[PDB]
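For this one, two forms of the same chain are given in structure tokens, first as structure 1 and then as structure 2.
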Structure 1
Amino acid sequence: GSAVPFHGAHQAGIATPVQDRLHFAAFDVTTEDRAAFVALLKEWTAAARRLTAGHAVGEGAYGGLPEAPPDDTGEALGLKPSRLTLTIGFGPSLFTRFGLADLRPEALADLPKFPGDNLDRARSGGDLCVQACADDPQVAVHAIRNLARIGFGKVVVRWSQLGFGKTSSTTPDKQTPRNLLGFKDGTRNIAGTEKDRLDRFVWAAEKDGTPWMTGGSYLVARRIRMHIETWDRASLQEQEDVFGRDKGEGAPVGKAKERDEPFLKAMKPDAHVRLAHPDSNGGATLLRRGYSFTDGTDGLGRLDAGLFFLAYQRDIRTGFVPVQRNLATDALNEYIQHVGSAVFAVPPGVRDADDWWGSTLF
């Protein structure tokens, strides 16, 4: 139930241990006034310092003037911080406003079309995002609700996604979680303790060509539907061949333990792990941080199920793009469909109590 520090060289919510719950929101900007937008970023930063420490925003949830609406909506009263992190990102579309066109980073690349894509335009894109992660869903909803309220008249919610359980790991010392296909997901990631790998593959550097982004990262979000009727009638051998790992232990084919290193040539040529591995992609490595979702039934007698896939990287052109291109022949494609997509530049950390989200850009 402890707090995660809000200040640092980088934003929290990336290398941080993965929390149980997600509430992700994408917002579009409705004001043309640069000064008013800056004022919003500062007020949001102040609220975030309170929320991540388990305190109410502004003057509190009660005990003010009877005739005024309370500053905080009150539904997190008496709850612990619950490892709340709040991570902000800026979409490519933001850079068409406030005279920012020449500051759009080259590494914030638009994604190509991929075979099999069926993207819903209303649950794609966005001028900006807030990723709220916490171990308590009520704490995460409270944060998003209060930020949206503060932003009334300057930003609107475009789309949101809740994640009921994690399907990722930045802590290899702890149990790896399972996705809704029943396999462990997160074994070969980047750990929060691997400082050299984070510097090489995740954090943007000064030399990369965009000074304001130094210490930030780039985020790809993909909403992926799972064809669970089709999957659940597949044989055990079929399921294991798709991935290249066994279902029970999650060991590479032929080996005994989860964390034994894969031997790729024993896997089928279209196995997911074989196609996604760094050695198959010229060394390209990602930090995966996604969550499972279910949004009701599909209207055809079945549960809906999916995975909200989140990846962080130093450059979209050298991280997600080459790996997803290599997945064109993946055996997994028979059982999934990408139905939503967004990219964001995630700025550097808030250094201290006088700093604010986006200060290096504005």
Structure 2
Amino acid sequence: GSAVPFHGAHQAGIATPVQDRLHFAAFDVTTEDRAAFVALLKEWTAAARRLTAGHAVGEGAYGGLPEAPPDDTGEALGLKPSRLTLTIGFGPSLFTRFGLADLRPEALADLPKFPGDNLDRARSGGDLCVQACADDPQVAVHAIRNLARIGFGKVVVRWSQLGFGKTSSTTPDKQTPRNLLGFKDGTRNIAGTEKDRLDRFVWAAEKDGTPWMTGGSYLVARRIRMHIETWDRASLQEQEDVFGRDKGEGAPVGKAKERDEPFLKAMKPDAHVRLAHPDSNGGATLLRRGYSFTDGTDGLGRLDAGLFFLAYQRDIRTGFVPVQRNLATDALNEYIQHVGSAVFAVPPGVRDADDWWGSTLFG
């Protein structure tokens, strides 16, 4: 299909079909004035309604007064909506502003330091995020560029990441995508069709303790670099032993098919799948919605490439934290490094044409 509806009980871009491309941006707030910030949220919501339907923002990209700047910067003219979704989230640091300190959710927990972390503070944190997903990267970039422009004077862009998954024009919808290590990635995940599993593991409930967040979720972002040239010198057996699945079919060891359920005892004790599996973590289960990246080459000639990992969950303390803690001895650690991090509370959806992003928090 061509467009994804913007309105709902939940924000789109979480349980809705995974699009081919990502532009993720974190913003910092520069105003102290609550009223001015609320005004921005309303203007952003109006723009998002236009963008997700394939229309220009405000009065358009051309045809207005010649002596005024155009309302829309124009680089998406002639393109389709491209299944664009725009998903907003609020960082812990937002809650030190506007008198919000007592409304920070307990489920919006600060992450501990994990072994091997090497976080760049410039590419970590942020007061706000917008996740822009679409099948055409120019559609996603146009959205971020215009939201940043509307917000100028009240917010700045802290850090930005481009990503890619599959190319849907050429690649069947049911084929699992491969990551840049060459392994199928996504086999055992929560799918958007699994209503009950979403209620149990992804959406915040009223009884969880923070009423304004009912129908929202909690997001963890990790920029994870791969040591590509080291990995490529490893033997085939070493690579398969790191994961506990074979590289060609992606079946669990001792099984024949990708979707065969794993027998954890046949994998090495520090294999990634064995450590990450819910049965190893008291039942803890995540929705993964991440994207590959390749940014260029670094000063030594090496490929700057990896996984921009995104996980959604009902509570950070019972989702990402236990699972990542259990990866302390993962065989994969030799070939990766976490170099950026942030956490966000993703509010409930925009109910109808008169609602706006953050209305349950701000009133």
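Only the largest set of C-alpha atoms that superpose within 1.5 Å between the two forms is called the rigid core. Shifts are known only where both forms have a C-alpha. Sequence positions of structure 1, starting at 1, serve as the residue numbers.
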Pick out the one residue among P278, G209, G248, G165 whose C-alpha shifts by 2 Å or more between structure 1 and structure 2, once the rigid core is superposed. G165
By how many angstrom is the CA atom of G301 displaced between structure 1 and structure 2 after fitting on the core? 2.0
Superposing on the core, what C-alpha displacement does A15 show between structure 1 and structure 2, in angstrom? 0.6
With a 2 Å cutoff on C-alpha displacement after fitting the rigid core, which stretches of 3 or more consecutive residues move between structure 1 and structure 2? 164 to 173
